[PDB]
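Take a look at this single chain, the form deposited in one PDB entry, given in structure tokens.
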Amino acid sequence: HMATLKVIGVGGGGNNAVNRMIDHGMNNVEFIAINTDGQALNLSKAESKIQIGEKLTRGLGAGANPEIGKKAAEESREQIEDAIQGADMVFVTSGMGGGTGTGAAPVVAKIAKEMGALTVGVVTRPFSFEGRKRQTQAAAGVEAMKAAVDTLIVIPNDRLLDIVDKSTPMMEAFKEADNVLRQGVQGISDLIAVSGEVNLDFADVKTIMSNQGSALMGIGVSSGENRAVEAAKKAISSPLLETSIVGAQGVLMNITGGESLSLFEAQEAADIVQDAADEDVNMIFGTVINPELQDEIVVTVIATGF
């Protein structure tokens, strides 16, 4: 078994995220670009492009109307089905609060779910500076997404205002939000490709992520003294995500280190994650020894079930 991964951008923000992943290059991942706006879609370098709702919008965007996004996706349901064929895991990325993403992303997610793919949404909420209407439309989108996916990761754009200085370019801030999806997809790619000393596979991912709701995901990297505790604390901190680890009922956790990775430090790291989660957490723990590493360790966590 080698899980087929597809990453689907829906609407402007979603396609912005996909374009940055295409720019980096991600081997053994299929990228799909979905939009109402034909002009925007023509500029995408995704190898699979679906212009949705041409009869409805005449090739324009949805004008921030989620009903138009929804009806566009429904018009083009068969083309979406065709593009998703063969997927074992689908990431649907979209900015909530507009028209295309808000309306179409839940339709796309439900199609993926009903084809049997493990369906993960990674979505943003609008900045408060965009106003109450955008925020209310986005909230309805988030709820529709939660109903349609297996697991949802939500990034409030306001959290970007906590990690910038007064001069940080807008595009640099956007790259930070993008990195959540990109590093997530990279983690799954590594999990499916590499054989761990304590091995985790795609069935473990499904146990933790299938038919859940909101999730915390994070990665922590440290070296030197107290590296295990530091990396584990960083992994569970995830300042861009609205979901916290507190009370998590399911956890998939991996530790990657060099030959020096000690049993004592593995316990330290796992205890940090455990102490935060629910008393009866279903925790699946993995370990990889990468001999090319020296003093670095990397802790990766996804936490579900709240």
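Between two forms, the rigid core is defined as the largest C-alpha subset superposing within 1.5 Å. When you see a residue number, it is the position in the sequence shown, counting from 1.
Note that the form deposited in another entry isn't included here; everything after this is about it.
Just a single entry of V120, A72, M145, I236 exceeds or equals a 2 Å CA shift between the shown form and the other one, which is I236 (rigid core superposed). Fitting the two forms on the rigid core leaves the C-alpha of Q183 displaced by at least 2 angstroms between the shown form and the other one. Once the cores line up, the CA of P169 ends up 2 angstroms or more apart between the shown form and the other one. Shown in the overlay between the shown form and the other one, fitted on the rigid core, is a CA shift at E197 of 2 Å or greater.
Three angstroms is the minimum change: in that other deposited form, the CA atoms of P126 and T243 sit farther apart than in this structure, by 3 Å or more. The distance between the CA atoms of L181 and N157 is at least 3 Å shorter in that other deposited form than in the form shown here.
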